[PDB]
Every structure is written in structure tokens, then in C-alpha cells.
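FYI, it's all coordinate maths here, none of it is from the lab. Note that each Cβ is placed from the backbone with ideal geometry, even for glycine, and that neighbours are counted across all protein chains shown.
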């Protein structure tokens, strides 16, 4: 139900630069015309963002960023919200997120993917541990990540990761980086989504 | 060391 629900909200994203596809990733719609996407996505050089086959330019949407408290100072989550101005509504699924690491080391985790690279797909692994600040292979760093044992690949960024709190299935947040047996998703707070929705 | 899993060309 939920997994079938989130797959429905997952759209393929392509970055276009001079008629060529320069970047591929995913997008997870949470409500209205708002989607959760990798923030490091906009760090790339593009002139058009393809969302579900629809080409758009920067004046077509707004990107709000989430800031998370990590040891006093606040940092920028790799989970960015892309709110389109005009667009086909998606199924509001915010009520399926939560406000804390409501998981437990070793619980069923499922990543939902849908991009131009491997089409629609599901990857399943084990919940590992929560991470305050993870340092990437390119020397960069990301806040509020959740670690897990799962076979992930480039392009899976932006896909929703869901666990099993009790007999409940809840969306943890979006996939950002993966390396060597362990995938990492950028955790998104349920509260954070609600205010953002009231905000828009 | 995990790498950002966006697909770059």
C-alpha cells in the first residue's frame, strides 16, 4: 500500500545541459507539487531540469532547504524540497513521515527508485545506525543521515527509503549517497514537512 | 567513504 503509494510519487529527474543529459537522479513527491530531491543536485551545471518528462527552468519552481541541528550549530540536509509553481498534484504522503529515528538497528528497509537509468526498482537492505555527520568521498559532508546495508548505485539519490517502526511502515527520508555495502539517506522530519506544507 | 549517489556524466 505505502510502497505502492510512494512508487507512484517517485518521478525520474534529468539535468539537461546543451541538449544533452548531464545528470540523472530521482524525485519523491510528498504533497501538492512539492518533491523531495537531492540538494547536491543543484550544485551541478544545468540549464533545464527534466521532471517526469517535463522540462523546467529555475523560474518554474522554488527550492527550500532543511537545516538540521548537529552539535549546536545548524547544517544543511541533503534533503531539499522542490516546489513547482504549476504542476499535476501528487498524493499527499507527509502523514507517513516521522519526527525521530523511530527505527532500530536491523529493521527492514526499502528504497524506492524511478529514474532514466534503471527505470522503476526497489532495493531492500537492513537498517544500520543513525549518523550525525557523514563525510563523503569528495571531501564534502552531509547532516542527519541514516545508515543501512543495501546495494545502492549512483542515480538512486532522491528515492524514498522506508522502514518498519513496529508494524508500521514509515518513510525515513531520501537517498543521497552510498558506498561499499552501505547506503545513506537524508532524514526528513515529519514536522519539517508539515510546516513546509502550511508554509506553501 | 560514501559518494553522493547522484548520476553524473
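Label reach from residue A:122 (point 7 Å along Cα→C-beta): in the range A:158-200, amide nitrogens under 15 Å belong to A:160-164, A:169-171.
Rg and Dmax of chain A, based on Cα coordinates, read 15.5, 49 Å.
Report, as an integer, the average count of C-beta atoms from other chains found within 10 Å of each Cβ along A:178-185. All intermediate terms of the calculation are to be shown ahead of the outcome.
Details: counts 4, 5, 3, 0, 1, 2, 3, 1.
Average neighbour count from other chains, rounded to a whole number: 2.
Residues A:185, A:26, arranged from fewest to most other Cβ atoms within 10 angstrom of their Cβ, appear as A:26, A:185. Taking A:43, A:157, A:27 in turn, the Gaussian network model of chain A (Cα-Cα springs below 10 Å) assigns the largest fluctuation to A:43. The long axis of helix A:190-199 is offset from the longest Cα principal axis of chain A by roughly 30 degrees. Taken as Cα centroids, the range A:95-158 and the range A:26-76 sit 17 Å apart, rounded to the nearest whole angstrom.
Sorting A:85, A:96 from the fewest to the most surrounding beta carbons within 10 angstrom yields A:85, A:96. Sorted largest first, the spans of the alpha carbon positions of the range A:1-92 along the three principal axes are 44, 36, 22 Å. For the pair residue A:99 and residue A:197 in one chain, pulling the backbone fully straight at 0.36 nm per residue adds 33.7 nm over the alpha carbon distance.
With the simple model of a label 7 Å out from the Cα in the direction of the Cβ, residue A:92 to residue A:2 spans 1.9 nm. Among B:4, A:20, A:95, a tally of other beta-carbon atoms within 10 Å of each Cβ gives an order, fewest to most, of A:20, A:95, B:4.
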